[PDB]
Amino acid sequence: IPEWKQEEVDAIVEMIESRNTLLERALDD
Amino acid sequence: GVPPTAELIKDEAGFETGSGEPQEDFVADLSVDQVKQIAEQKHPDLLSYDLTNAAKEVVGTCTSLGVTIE
RNA sequence: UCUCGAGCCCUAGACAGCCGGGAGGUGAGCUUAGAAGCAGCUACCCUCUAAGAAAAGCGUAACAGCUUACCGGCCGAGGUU
């Protein structure tokens, strides 16, 4: 449950709002 | 293209050689404005977008030679 | 080769392999005729970024070149101490 993987998802979701797995994870939100 | 950093500094610095030990032996100084100009002469050689970052790059070779700022 | 135990990592994809990326300021400053990751001394900073050392090992007269780091993909189940 690495903290950087969590900060990334939130980081991605931040760009979408305005690693493939992380991108998918975000998109799923 | 445009000449390298090391030299552009030694010009507006007024000196020719660096210090045996950087940040420890301050050879020259540079006002922020002075660094604002150098950062303009290297607009092509640098990857930065805003002039702000361009400085950090230039402002990185100075303190590493004894080139304090004011 | 068999058996028992502990720590850590892992389907938010681990370990290994293979493919792709490994970039700019800048060939850092000094020393030196020259030295550009890699003779020596000192420092070892910040941009773009998903990564990418002021360079871990070869290599060169010095470059070049080939790779480690580091990141991404393919893969899919245990792996490692």
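Sequence positions are given from 1 along each chain as written, possibly unlike the numbering in the entry, and residues without coordinates are left off. Naming scheme: in the order in which they are written, chains are lettered from A and ligands are numbered from 1. Taken together, the chains in view make up part of a larger assembly, and the values describe this part alone. By convention in this description, side-chain values take in all heavy atoms of the structure and omit both hydrogens and water.

## Details of empty space enclosed by the protein
Residues and elements named next belong to chain B.
Consideration 1: We place a 1 Å grid over just the protein atoms. Points where a 1.4 Å probe fits but has no way out form a cavity, open points with protein on both sides within 12 Å along at least 5 of 7 lines form a pocket, and any residue with an atom within 4 Å of a point lines it. Grid points are joined across faces, edges and corners, and a volume is the space filled by probe spheres set on the points. One number sums up the size of the largest cavity: a volume of about 110 Å³.
Consideration 2: Lining of the largest cavity is provided by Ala6, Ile9, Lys10, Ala13, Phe15, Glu16, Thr17, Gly18, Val27, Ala28, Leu65 and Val67.
Consideration 3: Secondary structure is summarised from DSSP: a helix means a run of H or I of at least four residues, a strand means a run of E of at least two, and numbering begins at the N terminus for each. Examining the composition of the lining of the largest cavity, we find that four residues originate from one element, helix α1 (residues 5-13), more than from any other.
Consideration 4: Of the residues contributing to the lining of the largest cavity, the split by class is eight nonpolar, two polar and two charged. Residue polarity is assigned by list, with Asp, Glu, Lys and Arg as charged and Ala, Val, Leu, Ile, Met, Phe, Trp, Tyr, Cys and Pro as nonpolar; anything else, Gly included, falls into the polar class.

## Details of a negative patch on the surface
Residue and element names in this part refer to chain A.
Consideration 1: Residues enter patches when they are more than 30% accessible in relative terms and free of salt bridges; like-charged ones are connected within 9 Å and nonpolar ones (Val, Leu, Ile, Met, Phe, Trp, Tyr) within 5 Å. Areas reported as accessible are Shrake-Rupley estimates using a 1.4 Å probe. Residue values count occlusion only from the protein chains shown. Between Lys or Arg on one side and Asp or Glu on the other, a salt bridge is scored when a side-chain nitrogen of the former is within 4 Å of a carboxyl oxygen of the latter. When charges are counted, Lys and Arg are positive and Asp and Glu negative, with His and the chain ends excluded. Charge placement uses NZ in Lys and CZ in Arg. For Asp and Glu, CG and CD serve respectively. On the surface, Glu3, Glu7, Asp10, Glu14, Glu17, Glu24, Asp28 and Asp29 cluster together to form a negatively charged patch.
Consideration 2: Sorting elements by how many residues they give to the negative patch places helix α1 (residues 3-17) first, with five residues.
Consideration 3: Among the secondary structure elements, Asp29 is positioned in the segment after α2 (20-27).
Consideration 4: Each residue's exposure class comes from its accessible area (1.4 Å probe, protein chains only) as a fraction of the maximum for that residue type: buried when under 20%, exposed when over 50%, partly exposed otherwise. With a relative accessible area of 70%, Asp29 lands in the exposed category.

## Thoughts on the nonpolar core
Soluble globular proteins tend to bury their nonpolar side chains together.
Residue and element names in this part refer to chain B.
Consideration 1: Core analysis: the biggest nonpolar cluster contains 13 residues, and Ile9, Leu30, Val58, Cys62 and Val67 have the highest contact counts within it.
Consideration 2: Elements supplying a minimum of two residues to this core: α1, β1 (28-30), α2 (32-41) and α3 (51-58).
Consideration 3: The contact rule is simple, with two residues in contact once any of their heavy atoms fall within 4.5 Å. What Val67 contacts, discounting residues up to four positions off in sequence, is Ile9, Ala28, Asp29, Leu30 and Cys62. Residues belong to a common nonpolar core when they are buried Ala, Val, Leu, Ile, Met, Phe, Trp, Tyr or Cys residues joined through side-chain atoms within 4.5 Å.

## Examining the protein's contact with RNA strand C
Consideration 1: Distances are taken per atom, and a residue is near a molecule or strand as soon as one of its heavy atoms is within 4 Å of it. Lining the immediate environment of RNA strand C, one finds 30 residues, of which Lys5(A), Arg19(A), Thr21(A), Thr5(B) and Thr61(B) sit closest.
Consideration 2: Sugar and phosphate atoms form 81% of the subset of RNA strand C atoms that lie within 4 Å of the protein.
Consideration 3: Residues adjacent in sequence count toward polar contacts only when both atoms are side-chain atoms; beyond that, a polar contact is any pair of N or O atoms within 3.5 Å, and within protein one must be able to donate a hydrogen and the other to accept it. Here a phosphate oxygen of RNA strand C and a side-chain polar atom of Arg19(A) are 2.5 Å apart.
Consideration 4: Here a phosphate oxygen of RNA strand C and a backbone polar atom of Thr5(B) are 2.8 Å apart.
Consideration 5: When contributions to the surface near RNA strand C are tallied by element, the ones reaching two or more residues are α1 and α2 of chain A together with α1 and α3 of chain B.
Consideration 6: Looking at the surface near RNA strand C element by element, the count peaks at four residues for α2(A).
Consideration 7: Of the residues contributing to the surface near RNA strand C, the split by class is 10 nonpolar, 10 polar and 10 charged.

## Examining the side chain of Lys42(B)
All names here are of chain B.
Consideration 1: Considering the arrangement of structural elements, one finds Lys42 in the loop between α2 and α3.
Consideration 2: Nearest to the buried, unbridged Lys42 among oppositely charged side chains is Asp45, at 5.9 Å.
Consideration 3: Only 3.3 Å separates the side chain of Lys42 from the backbone oxygen of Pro4, close enough to count as a polar contact.
Consideration 4: Apart from residues no more than four positions distant in its own chain, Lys42 is found in contact with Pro3, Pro4, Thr5 and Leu8.

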